[PDB]
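Enquirer: only geometry, no sequence info:
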RNA sequence: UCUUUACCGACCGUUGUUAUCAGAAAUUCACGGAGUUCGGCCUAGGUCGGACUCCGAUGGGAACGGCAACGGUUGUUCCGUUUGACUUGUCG
RNA sequence: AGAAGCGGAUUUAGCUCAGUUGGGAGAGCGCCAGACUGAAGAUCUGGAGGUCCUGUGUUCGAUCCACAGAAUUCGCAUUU
Ligand SMILES: [Mg+2]
Ligand SMILES: [Mg+2]
Ligand SMILES: [Zn+2]
């Protein structure tokens, strides 16, 4: 199973309206990621820290998984997650994080300065830390801080699609990624494709070679997409749908229903999951002694 | 004799759950001596030939209506589950389930690190700190079942009063909450590293 | 300054239904015979009070009689006054409870009249337990007990969930 | 004397706690009665456990109960007294109720009648 | 929290705290009932005082119990080093 | 991106920070709303907004007390 968790959405501000051409372009690149092969896609959305945020509930989501991606799902056979990368620069203006967190599934950050990077790892409940690979790194990471942040949770994220943008950006990208691998101790490394087009897509065996040539080993790369990628999905998925990893509204069937794998069988209206009477206390004993299922 | 047992309720509970397991092992031995596979004939066989052994045996047929109806009606009253379902509120319901006690619940091991623990349904007689106690029937087995919580996924059905139209199913994880009910009355559950949950993605 | 605060306190949700004293009606047809019989007992001799009619009027003897010492007399009848002042509530919350676990056919009758302070002020305490084995009195006691004075338990008989009851008490707080 | 304010907005957390306490009390009482009607004392250390946990939850959220509940349950081992050992009266004191464990709960009854508890008085209490 | 071959055991003292309500009482204040013993008036044994023991609905609660701080230990407190080798300078 | 080892200080709303017999969870700024103005700022009023770093245990009850696991950050005759 493969997870691509940083596909960007063609919108930066809530005042802007997405045209149908960008939506059709996203449909074509999802068909591209379905063509060669992938398992999970979590599309990303950029949010600045000092914007004028709407005080709404059902309007914080310009993603619409149900109406357009629910139609794409039946011909696709995959699933989409929605997430926010918090572009936090200065401790001047903030937000109500309990609404923005519980709106989508995964919560991320994007630091620019010193103190924001500390208060993100310290107090802010997020899932992944993304740095600006296109521009200059804010500070150079200390080992005992990043190690304690991985031991607390949140892992670092590398966007190999940002090197495919320009020529000059590749040097700054590799200079950031080698520092991330150096100061992260090769524990919290989750990789993702920041492509805006189907013309910049790659295969697993080329991304593995990219991670080889950057400095991280091969088995640890595939383990990062098998173990480390799908667990930080489950972290935010249990945090924002259910309680703080305590009691879940996700049905535990044999091999088809899961919190991660069965998204459509869960009513995404509030919490619930409508499941038929599969548990009878009257005449059901041990699992190996049953005869009706 | 009777006074020395019930001086501490925990030690007497431990003595009772040990006595139930010993009586179940003796019941299996007397059942293999009986050579009758039917349990309804086996209970009458024990009533005829072993009076003192029959006294500490559980009664699951009695245990189901005395627990399931009270548990379902308590959840239908507590979580405000009525005929009107379109006014539901899920977050406060999950907070109430975080505040409600699971003593007396029907619960099913759906996923576990051990492949043999899954498929077990049972009704809570007592909640431990890090283990779990249920009771399940087999062909002739009536053993008190202890199941670890570190690395297991549990699920329970909340039925609705309509017949075969709609019902709810919720899931808890015993590796997440690992405390007594007394602390769970006051505890506000917080975030964890959740790194050891790979089994839930694995199986 | 004093301020009044209402504090929520959990009630016993079934103590009202556990103390649903039985339905009694057309009761002045009974106190005439009962009071005349009790007075005719209490006139002559203290030995002749309990020698033709065996009755116990001390609660310790009521507990020792219903413990299981005497199992021969199965129909045993009890008369207890409620709605009456100067009656202790500690015994009265435990009298209909202890007769339920008794294996003998114990027939509690709740006397509903508030003005009936005579039987408490005269005999011992206001309660009467006696036996209808071969006495003449049963020849009318079996007549009316099926009519209105039936005593049955609905609360423990069937399986039923009980709704919670949370009341609230007054508290005067000085600051 | 002061200000008279009667609020009927009950709080949701207190309703959750008292529903939890009442559910534990009901399941312990029904286990005890279902065991006591049929046969001998099989799982009498079980239901007591619930009451003990109930009392510990009564220690957590600073909650108080009616004296009917605390009169029903014990004080040391915290068991239900629906089937007690012995009841004695006028044995040179007031009253005595013996239990199986040996802890007694006596009441001053030989002093005077017409004494009610603070929750049983005429106007001090409002239901629901 | 404690004890260690204890052929006898030994939870140190003081101060403050356990908020509101409840209850007679939140620290062996006091108050109410029962029993015993002693003394005075007095002698069908009535009453009064002192001492002990037991019980009294409430609350986690009456348990010299829990928490925090301080010491009588062989008087307390303060001050100084017992720590260097090469190079340079002064003095004999 | 200038380690290593040592002492001190410290983590509470988006931010900067109080605060604590141990029994209520806050102030300023910011956001929204009211008031006000032709409009706006300022002033003023109200509401929304909490993982009191996390965990154990003590207690009847933890921002507070004890322990454990993280760390934040200063200083080392410095402005690299
Ligand atoms: Mg080192
Ligand atoms: Mg070191
Ligand atoms: Zn007891």
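Expert: That came through fine. Residues are numbered from 1 along each chain as shown, chains lettered A, B, ... in the order given. Ligands and ions are numbered 1, 2, ... in the order given.
Enquirer: for residue A:162, what are its contacts?
Expert: A:133, A:134, A:169, A:173, A:194 (CB atoms under 8 Å, 6 or more residues apart in numbering or on different chains). Placement of C-beta: from N, CA and C, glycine included.
Enquirer: now swap in residue D:69 and tell me
Expert: C:10, C:12, D:25.
Enquirer: Which residue ranges of chain C form strands?
Expert: Here chain C has its strands, by DSSP state E, at C:2-10, C:55-56, C:75-81, C:105-111, C:127-131, C:166-174.
Enquirer: Name the residues that touch the fourth one?
Expert: Residues outside strand C:105-111 that contact it (CB under 8 Å, 6+ apart): C:21-22, C:24, C:27, C:31, C:66, C:74-82, C:84, C:95-96, C:99, C:145, C:149, C:151.
Enquirer: Equivalent analysis for the third one, please.
Expert: Residues outside strand C:75-81 that contact it (CB under 8 Å, 6+ apart) are C:34, C:87, C:92, C:95-96, C:99, C:104-111, C:116, C:119-120, C:126-133, C:138, C:141.
Enquirer: Give me the sheet partners of that strand and which way each runs.
Expert: Sheet partners assigned to strand C:75-81 using DSSP bridges are listed as strand C:105-111 (parallel), strand C:127-131 (antiparallel).
Enquirer: Please apply the same query to the last one.
Expert: Using DSSP bridges, the strands paired with strand C:166-174 in its sheet are strand C:2-10 (antiparallel), strand D:125-126 (antiparallel).
Enquirer: so where's the longest helix in chain B?
Expert: The helix that spans the most residues within chain B, counting by DSSP state H, is helix B:9-34.
Enquirer: check whether that helix contacts chain A.
Expert: No. Using CB under 8 Å from any CB of the partner chain, helix B:9-34 stays clear of chain A, with a minimum separation of 14.1 Å.
Enquirer: So for that helix, what gets flagged as buried?
Expert: Buried residues in helix B:9-34, counting neighbours by 16 or more other CB atoms under 10 Å in any protein chain shown, are found at B:9, B:12, B:13, B:16, B:17, B:20, B:23, B:24, B:27, B:30, B:31, B:34.
Enquirer: Which neighbouring elements make contact with whatever helix or strand comes next after it?
Expert: Downstream of helix B:9-34, the next assigned helix or strand under DSSP states H and E is helix B:39-49. Helix B:39-49 sits against helix B:9-34, helix B:51-54, with contacts defined as 3 or more CB pairs under 8 Å, 6 or more residues apart in numbering or on different chains; DSSP states H and E.
Enquirer: would you turn those helices into TSV with distance to residue A:44?
Expert: Converted to TSV, the helices and strands packed on helix B:39-49 look like this (distance: least, CB to CB, whole Å):
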stretch	distance to residue A:44
helix B:9-34	52
helix B:51-54	66
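Enquirer: Can you list the residue ranges for strands in the chain?
Expert: All of this is about chain A. Here chain A has its strands, by DSSP E, at A:3-8, A:40-48, A:80-88, A:106-111, A:128-130, A:155-159, A:189-192, A:247-248.
Enquirer: Please refer instead to chain D.
Expert: D:2-3, D:86-89, D:95-98, D:125-126.
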